[PDB]
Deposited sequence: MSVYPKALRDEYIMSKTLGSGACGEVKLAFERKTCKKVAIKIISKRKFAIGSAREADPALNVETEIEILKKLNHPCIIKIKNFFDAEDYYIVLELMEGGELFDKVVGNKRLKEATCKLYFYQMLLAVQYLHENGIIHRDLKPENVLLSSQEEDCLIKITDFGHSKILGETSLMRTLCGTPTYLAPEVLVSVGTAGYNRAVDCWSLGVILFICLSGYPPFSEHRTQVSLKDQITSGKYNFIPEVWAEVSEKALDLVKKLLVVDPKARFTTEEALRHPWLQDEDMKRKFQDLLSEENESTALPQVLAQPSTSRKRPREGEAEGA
C-alpha cells in the first residue's frame, strides 16, 4: 500500500520506531517546520481516543498534532525521543529508586488529571509510558487512549431516581461498588511501580503452580526478598497500598501523592526544572 495523499502532503515518512498489536509507530518529518514527529498507525475506539486527546492538556499526557482517517488510521503526535518505559525495565533491568520515584510521580500527576477530568485510561502499562529523552532524568508522557472510558451520568443514577417496585436486586446490590471503575488505573500503576522498583512482575506464571488469575484475585504478589532488600521500606509500602484487592480500599492517586515516598523535595525540584526546560514560552506581561 501507500501512505494517504493528505498525510504525504504535510509529512515525509521515515523509519519504524516501535510497534504494537494494532500497528506501528513511525518517525516522520513535518514539512512546514522540518521537525520530527511520531506517527502511530492503527490498522483498520479511535474516534473517541482522538476526541479525548484533543481535549486534554497536561505536561505528562501526549498531545495529538494531526489525524488522518484513511485505509488505516494515522495519529500524528509529538516524538518522545526516549521511547517506551518498557525498554528500561525489560530483561530484569532496573532503574534507580530515585528514577522510579521521578517517573512514578509524573504517572500519578497524569492519572490524577485524567480522573479529575472523568477519564479512565484502562491500559496503563510500560509500553504506554513514553520518555522525553535518553537521559535518566526526563519527562514522561502517558499515551494510548484506545480503550479509555469517559465518565458521565450513568444508567444506574437514572434508575435510582424512581421507585424500585420492578427493579431487580442485583441492580440495588451494584450500588455499593458503583463509581470506582477509576480504581483499575491505580491497580495498574501499582503493577508498573512494582516492576520499575524490582525489575520483575508481581503476578506471573513463571516458576509457580498458582494460576495468574488466582495470584491477582488473592492479591498475593511474588515477593523475592533478595531483589527487594535494596529498595526502601517506603517504596514497598506504597506498592502495597496500590495492590489492594478491594477497589474501595485501594489507594487513589491523591492518596498515593500524599504518601511518604513521594514527599521528596529534591525529586519535585527536578520535575519542575525539567518542565520549564521543555517549554518555549513567548513573552509575558510584567
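- Missing from the model, relative to the deposited sequence, are the ranges 1, 46 to 60, 303 to 322.
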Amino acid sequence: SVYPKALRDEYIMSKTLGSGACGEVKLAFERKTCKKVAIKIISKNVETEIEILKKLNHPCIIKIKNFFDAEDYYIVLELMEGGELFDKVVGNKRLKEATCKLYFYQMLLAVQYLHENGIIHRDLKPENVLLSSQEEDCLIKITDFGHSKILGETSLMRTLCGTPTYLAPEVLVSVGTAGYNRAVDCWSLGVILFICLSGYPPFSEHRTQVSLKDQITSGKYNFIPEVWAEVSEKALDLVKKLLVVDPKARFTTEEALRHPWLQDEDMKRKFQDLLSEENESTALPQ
From here on, numbers count along this sequence of modelled residues.
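Rigid core (definition): largest C-alpha set, two forms, superposition within 1.5 Å.
- The stretch that strays farther, by root mean square C-alpha distance over structures and residues in 9 other deposited structures of this protein after a rigid core fit, is 67 to 75, when 67 to 75 is set against 106 to 114.
- Among the other PDB entries of this protein that were compared and that flank it with modelled residues, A21 is left unmodelled in a third or more.
- Per the compared records, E153 is unresolved in at least a third of the other entries whose models span it.
- The deposited model assigns a higher average Cα B-factor to 87 to 95 than to the other stretch when 87 to 95 and 174 to 182 are compared.
- In this entry, 217 to 225 has the higher mean Cα B-factor, the comparison being between 217 to 225 and 240 to 248.
- Within the listed group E127, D144, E78, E136, the record reports its top CA B-factor for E136.
- Taking the deposited Cα B-factors for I140, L160, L102, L109, the highest one is held by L160.
- When the CA B factors of the chain's modelled residues are split into thirds, the value for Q209 lands in the highest one.
- When all modelled residues of the chain are sorted by CA temperature factor, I195 is found within the middle third.
- In this PDB entry, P169 carries a Cα temperature factor that places it within the lowest third of its chain's modelled residues.
- For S188, the recorded CA temperature factor ranks within the lowest third of the chain's modelled residues.
- In the deposited entry, the Cα temperature factor of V46 sits in the top third of values across the chain's modelled residues.
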